[PDB]
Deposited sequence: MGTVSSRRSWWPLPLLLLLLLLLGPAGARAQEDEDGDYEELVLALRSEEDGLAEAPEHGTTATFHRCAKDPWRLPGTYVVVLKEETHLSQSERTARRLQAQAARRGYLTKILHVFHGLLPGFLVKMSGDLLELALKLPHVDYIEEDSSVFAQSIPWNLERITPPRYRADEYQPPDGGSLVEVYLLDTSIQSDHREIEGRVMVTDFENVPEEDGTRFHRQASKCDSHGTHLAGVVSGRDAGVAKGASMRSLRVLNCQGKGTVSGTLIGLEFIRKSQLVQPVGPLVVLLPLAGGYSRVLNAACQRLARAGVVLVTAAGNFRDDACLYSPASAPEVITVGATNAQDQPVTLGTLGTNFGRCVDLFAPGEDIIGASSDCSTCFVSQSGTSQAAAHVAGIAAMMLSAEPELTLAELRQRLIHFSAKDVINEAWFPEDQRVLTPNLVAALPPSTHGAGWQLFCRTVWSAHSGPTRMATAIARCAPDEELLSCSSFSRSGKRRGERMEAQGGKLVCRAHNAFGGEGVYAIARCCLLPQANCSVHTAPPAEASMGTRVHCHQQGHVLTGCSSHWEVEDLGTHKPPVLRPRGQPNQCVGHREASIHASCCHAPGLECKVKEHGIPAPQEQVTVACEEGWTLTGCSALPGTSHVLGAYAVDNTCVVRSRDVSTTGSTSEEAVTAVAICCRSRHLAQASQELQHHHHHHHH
């Protein structure tokens, strides 16, 4: 169970340097001892080795320069969780501190002087080319512009923002996973020995999926840090890249002045479920390293990330005790909805890509949609959509491009509810779509009702006083070898009951919160073309989204901001539960 991980993209691999990650409760004395054990063992086999850095604070482990011949030996070491081969990354009121991991910076530019502090942390790979020389270049450009976009006097988003610079990218805008890791551990160690003030970390870089980089980000996020990253400039799924793929970081895609996704030569902004939202990222005026009062127009998802870091810094100067869940929910709440032209993205990536462009704001129930990864084609394969630790799973739906689904279940897994979608016999696979909310003094629980084929007992509701129905899930309960017969719908009397087939188990989300008020809305078309829609009004938050009738006419259903969308085949109805506080 001690595994070896290398980058999927061969040209971005950096063999010779390896991150040895140890098990969770490994003390510094054990990491140092394990590092020395590797050196001694390697020397016994006649190999020089160099322990570049011993990790402590963010994760237990060490960084080692050695031959790949010694891998099988290092995987046999005690306490090892996994070994990851290093790879390259590339460039893409209260006082809040914004950490910037990027290039060097012109700290004396008028746009950012007095607001930027150069930390002296420096960790970059050597530049490519035997005769490469910076000469009159100060390797300032990317970093200076981004510090300006975050907090520049005249062209910045959060003009009143403190910033701290760490050099993790060289003159060619290239860094390593190992160097970024060390920069994140620096930030953590600063947090421990310094204040209890809000921290924003801007990671305007991207590399191939990295198990260790994503873990390091997850650890800083759980310690209360707000990480904002570029989605990537590869016109590709951001789940294949890191830190983009890490679910705890806030991944930002780039859009232009005509609300189009940004094009960068033959590539452009990344897309898909791992992108939290989009922001301005084309022709962005910001500080230029050319002179202390110069400006310059740049484009990319790092520009887009800097806008969100600015917005976060503004939000945190106002409410400094705001949690990361609260901030992500607020970022999504205030963004412009359904303004992006989704034509530019691959057709099968549009549903999964959010239609949100960031914006500043001008108690309350906030919900966001969380899409799962696609399940496999196995008939018993499942997809899982998870909420953030602080959030409630208020509803769970599913969707298949073929419509071959068994339904879905809101079930406990590791003490927390998850939205599990089940594939059907002969199905290509399915998606699970969670609706994750922040509800004040909520006491929620899911109640499972059984298949109801008798003439009574069909009505499923939150029969408990003070508990209100926020969402329904339906799971088909007839065996694949049993005689199939057309599903029969459970009748409708009361309006605030689950909708579903008599042959299915129903999972009801019942919440008890002080001023929680929840209602059902419907809208059906007889022979719909592609879809049916129903939306919560201004002041209401979509909590649940279900479809009617079953598989025969429907591919699935999913929330899209406050609109419940039901994807029909060639009387289809969209049933939505709209909820609100106080």
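*asked:* If a residue lacks a C-alpha atom here, it counts as unmodelled; so which stretches of the deposited sequence fall into that category?
replied: Sequence ranges with no C-alpha atoms are 1-60, 153-176, 447-452, 661-670, 683-700.
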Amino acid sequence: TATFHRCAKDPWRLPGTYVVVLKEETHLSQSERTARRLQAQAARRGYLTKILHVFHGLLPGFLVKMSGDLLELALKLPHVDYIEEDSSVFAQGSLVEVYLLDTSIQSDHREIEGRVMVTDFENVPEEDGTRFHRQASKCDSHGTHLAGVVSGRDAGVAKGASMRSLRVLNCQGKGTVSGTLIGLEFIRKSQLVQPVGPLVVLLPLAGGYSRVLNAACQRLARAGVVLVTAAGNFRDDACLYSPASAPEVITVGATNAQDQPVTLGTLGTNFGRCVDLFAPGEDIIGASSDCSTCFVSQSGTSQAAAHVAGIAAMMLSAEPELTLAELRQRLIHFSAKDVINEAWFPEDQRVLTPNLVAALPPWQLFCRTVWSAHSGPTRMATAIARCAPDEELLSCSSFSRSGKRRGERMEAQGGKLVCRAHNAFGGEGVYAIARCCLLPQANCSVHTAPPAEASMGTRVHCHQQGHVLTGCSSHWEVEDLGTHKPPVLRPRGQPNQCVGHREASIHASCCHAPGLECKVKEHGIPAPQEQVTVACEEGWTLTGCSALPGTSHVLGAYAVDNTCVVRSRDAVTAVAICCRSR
From here on, numbers count along this sequence of modelled residues.
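_Mean Cα B-factor comparison, 142-150 or 473-481, giving the higher one as deposited_ = Higher mean C-alpha B-factor in the PDB entry: 473-481.
*Quick one: higher average CA temperature factor, 287-295 or 391-399?*
That would be 287-295.
*Which one of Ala373, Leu360, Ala325, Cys419 shows the top CA temperature factor in the record?*
Going by the entry's C-alpha B-factors, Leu360 comes out highest.
*Whose CA atom has the top B-factor in the entry, of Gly61, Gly544, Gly556, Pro549?*
Each of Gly61, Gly544, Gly556, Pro549 was compared by C-alpha B-factor; the highest is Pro549.
*Among all modelled residues of this chain, ranked by Cα B factor, put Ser67 in the bottom, middle or top third, i.e. lowest, middle or highest.*
Within its chain, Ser67 is a middle-third residue by C-alpha B-factor, going by the deposited values.
*Comparing against every modelled residue in the chain, figure out the third that the C-alpha B-factor of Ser31 lands in (lowest, middle or highest).*
It belongs to the middle third of the chain when residues are ordered by C-alpha B-factor.
*In terms of the chain's CA B-factor thirds, is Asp276 lowest, middle or highest?*
According to the entry, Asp276 has a C-alpha B-factor in the chain's lowest third.
*Select lowest, middle or highest to describe the third in which the CA B-factor of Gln441 falls within its chain in this entry.*
Highest third - that is where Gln441 ends up once the chain's C-alpha B-factors are sorted.
*Relative C-alpha B-factor of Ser242, binned into the chain's lowest, middle or highest third*: Lowest third.
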